[PDB]
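One chain comes next, on its own, written out as structure tokens in the form deposited in one PDB entry.
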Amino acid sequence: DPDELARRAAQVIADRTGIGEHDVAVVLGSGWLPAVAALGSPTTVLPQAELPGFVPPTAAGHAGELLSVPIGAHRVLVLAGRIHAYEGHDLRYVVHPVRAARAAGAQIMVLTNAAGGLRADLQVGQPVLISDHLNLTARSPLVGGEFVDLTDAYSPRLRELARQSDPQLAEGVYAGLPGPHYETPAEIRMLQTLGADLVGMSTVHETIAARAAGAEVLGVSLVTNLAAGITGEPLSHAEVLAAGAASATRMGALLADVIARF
């Protein structure tokens, strides 16, 4: 039962942070990890591996951390380092952070990710709010039949608050694929025809579990490269890494400023 496990995690977080409950959670994906320090200095820093349900028993190594950071008047749970579906782990582990945070009282989830840009106006290094998504993984983190509507899965209200911080923020449709491989140029032309503006390898399941758990969602992509076949040249791993490293401080500041308005 994912619910009872998130419940236990929430209890551990409360006792380890001294904070009765948190209000917001932020998931830092690829291209957003170096922006952690910019969100604010943490009051508590604890390894995900020491928290119930975060890391699967078999496969291991060293998970990220879970930070408790005060931002504005909020107590924010910051997840630095997520476990991906491409490793083969059940999706309950992928969405556990969201479920635990909700159990911890978090009602807003800020989900970030690295993404390839498909719409012509999007540039490398540009953060883009997610207006909607295309779940192209043929999976779901939900088991059983509860009713879960995904209309406005990415709260228009929260996107409006984000624009108070930066009125020029672009908005677009994110396509979530299984990965880990990047797409062929043919696949990118396909995604374009399907209405995708951004392409990535995460986030969709977290959004679904979030909405199912009663939380609002703000998604933010960092365009780390133009999608395959667009430039006429192969992708550059170096560029993808630099996109995240360079905008680190700027991205951390933006998120803190936005979250403060929540």
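Start at 1 and count along the sequence shown; that's the residue number. Throughout, rigid core stands for the largest set of C-alpha atoms superposing within 1.5 Å between the two forms.
Quick note: we don't show the form deposited in another entry, though the next part is all about it.
Core-based superposition between this form and the one not shown shows that, of 56, 47, 70, 195, only 56 has its Cα displaced by 2 Å or more. Shown in the overlay between this form and the one not shown, fitted on the rigid core, is a CA shift at residue 234 of 2 Å or greater. Note on residue 59 and residue 80: their C-alpha atoms are nearer in the other form, a change of at least 3 Å from this conformation.
Cα of residue 61 to Cα of residue 9: at least 3 Å longer in the other form than in the shown structure.
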